[PDB]
Amino acid sequence: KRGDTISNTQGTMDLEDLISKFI
Amino acid sequence: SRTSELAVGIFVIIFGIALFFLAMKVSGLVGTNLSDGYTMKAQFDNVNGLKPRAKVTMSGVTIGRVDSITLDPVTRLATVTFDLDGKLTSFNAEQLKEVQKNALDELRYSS
Amino acid sequence: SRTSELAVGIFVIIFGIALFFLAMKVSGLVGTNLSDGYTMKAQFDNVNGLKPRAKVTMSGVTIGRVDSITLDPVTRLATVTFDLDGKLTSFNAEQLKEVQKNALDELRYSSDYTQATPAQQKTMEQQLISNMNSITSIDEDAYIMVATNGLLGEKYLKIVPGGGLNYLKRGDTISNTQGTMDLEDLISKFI
Amino acid sequence: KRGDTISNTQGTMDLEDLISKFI
Amino acid sequence: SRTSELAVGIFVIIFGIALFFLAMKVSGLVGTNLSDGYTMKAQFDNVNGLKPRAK
Amino acid sequence: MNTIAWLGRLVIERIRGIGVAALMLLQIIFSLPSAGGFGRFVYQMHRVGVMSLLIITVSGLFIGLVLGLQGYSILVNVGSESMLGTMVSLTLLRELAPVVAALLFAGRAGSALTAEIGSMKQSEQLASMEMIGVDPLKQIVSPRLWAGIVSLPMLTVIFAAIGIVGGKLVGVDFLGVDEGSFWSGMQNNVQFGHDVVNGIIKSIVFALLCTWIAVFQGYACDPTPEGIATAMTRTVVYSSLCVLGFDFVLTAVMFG
Amino acid sequence: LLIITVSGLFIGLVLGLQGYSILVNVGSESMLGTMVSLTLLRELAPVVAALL
Amino acid sequence: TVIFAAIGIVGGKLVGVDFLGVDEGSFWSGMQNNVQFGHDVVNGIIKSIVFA
Ligand SMILES: CCCCCC/C=C/CCCCCCCCCC(=O)O[C@H](COC(=O)CCCCCCCCCCCCCCC)COP(=O)(O)OC[C@@H](O)CO
Ligand SMILES: CCCCCC/C=C/CCCCCCCCCC(=O)O[C@H](COC(=O)CCCCCCCCCCCCCCC)COP(=O)(O)OC[C@@H](O)CO
Ligand SMILES: CCCCCC/C=C/CCCCCCCCCC(=O)O[C@H](COC(=O)CCCCCCCCCCCCCCC)COP(=O)(O)OC[C@@H](O)CO
Ligand SMILES: CCCCCC/C=C\CCCCCCCCCC(=O)O[C@H](COC(=O)CCCCCCCCCCCCCCC)COP(=O)(O)OC[C@@H](O)CO
Ligand SMILES: CCCCCC/C=C\CCCCCCCCCC(=O)O[C@H](COC(=O)CCCCCCCCCCCCCCC)COP(=O)(O)OC[C@@H](O)CO
Ligand SMILES: CCCCCC/C=C\CCCCCCCCCC(=O)O[C@H](COC(=O)CCCCCCCCCCCCCCC)COP(=O)(O)OC[C@@H](O)CO
Ligand SMILES: CCCCCC/C=C\CCCCCCCCCC(=O)O[C@H](COC(=O)CCCCCCCCCCCCCCC)COP(=O)(O)OC[C@@H](O)CO
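Line order of the protein sequences matches chains E, W, R, F, B, H, Y and C.
Under full-length UniProt numbering, think of the first position of the first sequence as 171, with each following residue one higher.
Under full-length UniProt numbering, think of the first position of the second sequence as 3, with each following residue one higher.
Under full-length UniProt numbering, think of the first position of the third sequence as 3, with each following residue one higher.
Under full-length UniProt numbering, think of the first position of the fourth sequence as 171, with each following residue one higher.
Under full-length UniProt numbering, think of the first position of the fifth sequence as 3, with each following residue one higher.
Under full-length UniProt numbering, think of the first position of the sixth sequence as 1, with each following residue one higher.
Under full-length UniProt numbering, think of the first position of the seventh sequence as 53, with each following residue one higher.
Under full-length UniProt numbering, think of the first position of the eighth sequence as 156, with each following residue one higher.
This is how it looks when you write it as structure tokens:
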């Protein structure tokens, strides 16, 4: 509806996030 | 005096032209006007770098802006409130029927 | 009236100095404009690129600043002193009683009922009067780390919360850190 | 002691050899 | 009130010289010291890009 | 200590001069308006504003030509020639158009205000107006102060507009960057409230300082033909130090 | 000599404050002395000292 | 203009190194690498002789 909450998120990916993905 | 009042009136015409060029050719001012936009909100775990008045896109098309980002220190997840649009994201007369019959058909199929 | 005009000319200069130091405080170059900022500290093993007056964030929203970084050569670990924030890194009585009745029942749960003497939450009365004075929203096993603001920006300190039943008082030392990621020695292994 | 020589080093690694390795 | 004119003239010359000593300090020009620094040395095989007065 | 006494006597009379100029400003802006005072203001918008329109227009074009020529040489080596319109418009709007347009206003329209008021004092038109029963601070000084506070923020907007047009002319039309990427990168990173309005707030602070100095030095002049000329070079020196001094304070607040 | 000395100090203060904000977002704060000295030596010191 | 450019670099070093906290040795070494004397310093003096 109008005004609800989207309930699946994921935050930003900075440099330390990109590294821990590849390993 | 009739010349000096005539020449000052030209100094206000050239000022109004330059304020028009600065506002509506150089800045993003004319492109911030949302049509009957509602308001949703989501809750993240890292919003680092997200500023207010940032952009919301669906398929590469801008459909809103970002209003406010706060903590909520009882759950410690950041809460973003964003306001979308009327035309590009809400349905209309023909489209509502086009999803009303299929939502019954996706429900009352053979399965 | 040479003295009446000279006193006005001195008052204009002092007003121009007071406006200067008000502008440096607002800009952030001198002082600390946040909200009843208490002080925490932590001990890292590599703080390369971290400068004083840097940023501390919880989930991306800025909750503090860095004060000073010293070395301590007997242990050879850097010690970052940072001051946080009272307004939004803590909670007040409505949320504080919300975790007063929470932490009494959760710590004295169905397991810890048959683990001590029959006090019947008498010790739960002692723990809650130590709770209200000077408590933070940082749980006992959150870990702080040195993050890097994009791909090429400056470095800040990120507090990653998770789990935790106890909480940290105002002034303690966060006991789980990790330093900056040496992107030299990452590639040195990958060859 | 003050004045000695650190006898464990490793030099720098240029980006030409990095590519050389990563073929 | 010659003594008031004699005092403000002194503070202007005092502040004018103390600006000059502070200017030559904030630059390699004279000074550039370190808190009783001893000296070590090391042997490498490639120092490509290292320049004196590094850290 | 013969010159040390002369140096201390010099800076005391300058401190006392700020006290007279502060009380002179509070007597102008805190008073009731009067009869026929709007028409005297529109006449002084012609002498201060319209007369300065030719130095401001040509100097803004020449500065935008250098910015588009120097900014192309930096950005082309890092693969970001599409950010040329962003760096040209953001250099003018927050640094160069408030400051350089205030250094040419202090030279042309500031030094001409302290010569007009100063020759009224020498030829005793200010003493003749006072003995008739008309305050010369309201009749003569007050239209000239308000015409400078209005005309300088109107002239840095024209300065910044031709600087961007001049930088587009060397960048797009001679060095050959894409026209659609010039304006789209500018409309993305330049905000109106943070970059355009913050440049107008600077030029209102500068217009108050450049005109209050120029008006005071002609009123408190020395009615002697080389006492007027000593005053005209004091409004160019004192306004330039106040423009560059208040510019550091305003960028540390707005963009720091 | 007194207008030139004080105006040169005030302009270098703005260049080091504005040039830090640009360079810190691209990881090149070590190029601060290059852009401060090259802005003065080829653009600002010939032009602003000739306007004063 | 040589005195103008010298205090502008000293003023920019004072806000950059001594207040914002960049490395002092990288301030001067990046400057001594990219700034040439004949192309950047002498070309600023040739400008100020034409202006004078
Ligand atoms: C009531 C409204 C108050 C608003 C102002 C608030 C800020 C106050 C600070 C400075 C204001 C200066 C403006 C002065 C206006 C009158 C100018 C003037 O005329 O005063 C002159 C003083 O110099 C001078 O301004 C000094 C000229 C050079 C100034 C250089 C310093 C500028 C640096 C500013 C730093 C920012 C500080 C403020 C930031 C909040 C002296 O006059 P003279 O002709 O020599 O005396 C006549 C006799 O000597 C005869 O020979
Ligand atoms: C991290 C934060 C990012 C910034 C968020 C802002 C978003 C952009 C939106 C809007 C822009 C706000 C930026 C601050 C605006 C500066 C205000 C200012 O600088 O105020 C000026 C003071 O100037 C003088 O005295 C010279 C004196 C200067 C010292 C004044 C100290 C200012 C302290 C109050 C300003 C609050 C700043 C709010 C910004 C966070 C007054 O300007 P005028 O109205 O023309 O008055 C005309 C004068 O003649 C006075 O009679
Ligand atoms: C791709 C190439 C890279 C560059 C390589 C250069 C390497 C750097 C080393 C040295 C720097 C050379 C750069 C060119 C120097 C500019 C010369 C110049 O600009 O000449 C000036 C002419 O100025 C005026 O008329 C204003 C008139 C200006 C029009 C003059 C046209 C100049 C044409 C001859 C210059 C040859 C340029 C050589 C550079 C390739 C004269 O300067 P002054 O000696 O002070 O004379 C004093 C004046 O009062 C005249 O009485
Ligand atoms: C979207 C982008 C936005 C940009 C908006 C556009 C920007 C503005 C555009 C154009 C602005 C043009 C400026 C017009 C200047 C108007 C000046 C003016 O109009 O002033 C006149 C005099 O100008 C005078 O000196 C005559 C002044 C000198 C004449 C000029 C002579 C030089 C030109 C000749 C040489 C050609 C140039 C060389 C090219 C190769 C007034 O005459 P006065 O006798 O003094 O006063 C009379 C009063 O008592 C009663 O009337
Ligand atoms: C701490 C906060 C500082 C800012 C707050 C101050 C705000 C109020 C300002 C008050 C101004 C003082 C008023 C009394 C002094 C009179 C000023 C003056 O005397 O004016 C000029 C000098 O000003 C000058 O030094 C410029 C005068 C200001 C000096 C500033 C320069 C030093 C400041 C240090 C910079 C700080 C950071 C660096 C620290 C290492 C004199 O130039 P003249 O040689 O006469 O030119 C000749 C013509 O004028 C005649 O035809
Ligand atoms: C935040 C509050 C407002 C900001 C201001 C803050 C400053 C403090 C308050 C200022 C206002 C107080 C009101 C009193 C004004 C006192 C000045 C005054 O009253 O001056 C008057 C001039 O008219 C005049 O307003 C000059 C006539 C009007 C001048 C201004 C014209 C405005 C047009 C441009 C406005 C820009 C808006 C555009 C936005 C895009 C009277 O002068 P005279 O008639 O010649 O006297 C002669 C006789 O006495 C003897 O011969
Ligand atoms: C490595 C980096 C390289 C950098 C190199 C260093 C750069 C240069 C360093 C310092 C330069 C300082 C400038 C000195 C100025 C000398 C001016 C001078 O010396 O001029 C004198 C007057 O100055 C006068 O007005 C007195 C002038 C006004 C006095 C100043 C008053 C303002 C200061 C007081 C306020 C304090 C500032 C506020 C701080 C908070 C001469 O007197 P006259 O009677 O006119 O002539 C007499 C002749 O007939 C015969 O003698």
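We put the beta carbon where it would ideally sit given N, CA and C, even for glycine.
Proximity below 8 angstroms, CB of residue i to CB of residue j
i	j	result
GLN45/R	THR179/R	yes
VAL196/C	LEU90/Y	no
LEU31/R	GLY256/H	yes
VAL14/R	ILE18/H	yes
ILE71/W	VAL49/W	yes
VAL48/H	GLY193/H	no
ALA144/R	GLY164/R	yes
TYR158/R	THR59/R	yes
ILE55/H	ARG108/H	yes
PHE41/H	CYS210/H	no
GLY155/R	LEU52/W	no
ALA9/B	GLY8/H	yes
Helix, strand or coil at residue i [DSSP, three-state]
i	result
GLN180/F	coil
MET42/R	strand
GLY173/F	coil
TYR111/W	coil
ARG108/H	coil
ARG55/W	coil
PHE30/H	coil
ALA105/W	helix
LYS89/R	coil
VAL76/R	coil
residue 105/Y	Summary: the structure shown does not reach residue 105/Y, with chain Y confined to residues 53 through 104, and so no result is reported for it.
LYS121/H	helix
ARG67/W	strand
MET1/H	coil
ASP173/H	helix
Closer than 7 angstroms: residue i CB and nearest ligand 3 heavy atom
i	result
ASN198/C	yes
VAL20/H	no
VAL205/C	yes
Check: residue i C-beta below 7 angstroms from any heavy atom of ligand 2
i	result
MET131/H	no
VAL249/H	yes
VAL165/H	no
Residue i Cβ short of 7 angstroms to ligand 5 heavy atom set
i	result
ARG9/H	no
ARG16/H	no
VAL141/H	no
Any non-hydrogen atom of ligand 4 closer than 7 angstroms to residue i Cβ
i	result
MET51/H	yes
Residue i Cβ short of 7 angstroms to ligand 1 heavy atom set
i	result
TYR219/H	no
Legend entry - Cβ-based contacts, 9 angstroms cut-off: residues of the region 174–185 of chain C near chain R: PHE174, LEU175, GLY176 and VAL177: these are the residues of the region 174–185 of chain C whose beta carbon lies less than 9 angstroms from some beta carbon of chain R, given in chain order.
Inset, instruction - Closer than 7 angstroms, Cβ to Cβ, to anything on chain C: give me those residues from the region 43–73 of chain R, in chain order. - result: Look at the region 43–73 of chain R: the residues with a C-beta under 7 angstroms from a C-beta of chain C are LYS53 and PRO54.
Inset, instruction - Anything in the region 53–70 of chain Y with a Cβ closer than 7 angstroms to a Cβ of chain H? List those residues in chain order, please. - result: For the region 53–70 of chain Y, residues whose beta-carbon sits nearer than 7 angstroms to a beta-carbon of chain H comprise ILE55, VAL58, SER59, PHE62, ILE63, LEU65, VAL66, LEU69 and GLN70.
Legend entry - Chain-ordered residues of the region 15–35 of chain R with a beta carbon less than 7 angstroms from chain Y: Residues of the region 15–35 of chain R that bring their beta carbon within less than 7 angstroms of a beta carbon in chain Y are absent altogether.
Inset, instruction - Note down, in chain order, all residues in the region 141–175 of chain R with a beta-carbon under 9 angstroms from any beta-carbon belonging to chain E. - result: Against chain E - using a Cβ distance shorter than 9 angstroms - the residues of the region 141–175 of chain R are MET147, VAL148, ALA149, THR150, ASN151, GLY152, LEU153, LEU154, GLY155 and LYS160.
Legend entry - At least 3 beta-carbon pairs within less than 8 angstroms: the region 67–79 of chain R vs the region 71–84 of chain W: The region 67–79 of chain R makes no contact with the region 71–84 of chain W: fewer than 3 CB pairs, one atom from each, lie closer than 8 angstroms.
Inset, instruction - Pair every Cβ in the region 129–145 of chain H with every Cβ in the region 70–87 of chain Y, then say whether three or more of these pairs are closer than 8 angstroms. - result: Fewer than three pairs of CB atoms, one per stretch, sit closer than 8 angstroms, so the region 129–145 of chain H makes no contact with the region 70–87 of chain Y.
Inset, instruction - May I ask you to verify whether the region 115–126 of chain H touches the region 194–211 of chain H, counting CB pairs closer than 8 angstroms and requiring at least 3? - result: Taking a cut-off of 8 angstroms on C-beta distances, the region 115–126 of chain H does not touch the region 194–211 of chain H, as fewer than three cross pairs fall below it.
Inset, instruction - Examine the Cβ distances between the region 163–178 of chain H and the region 62–75 of chain H and report whether three or more of them are shorter than 8 angstroms. - result: Between the region 163–178 of chain H and the region 62–75 of chain H, the count of Cβ pairs shorter than 8 angstroms is three or higher; the stretches touch.
Inset, instruction - Inspect the CB distances between the region 151–159 of chain H and the region 99–114 of chain H and report whether three or more fall short of 8 angstroms. - result: Remark: three or more beta-carbon pairs, one from each stretch, lie closer than 8 angstroms, so the region 151–159 of chain H and the region 99–114 of chain H are flagged as touching.
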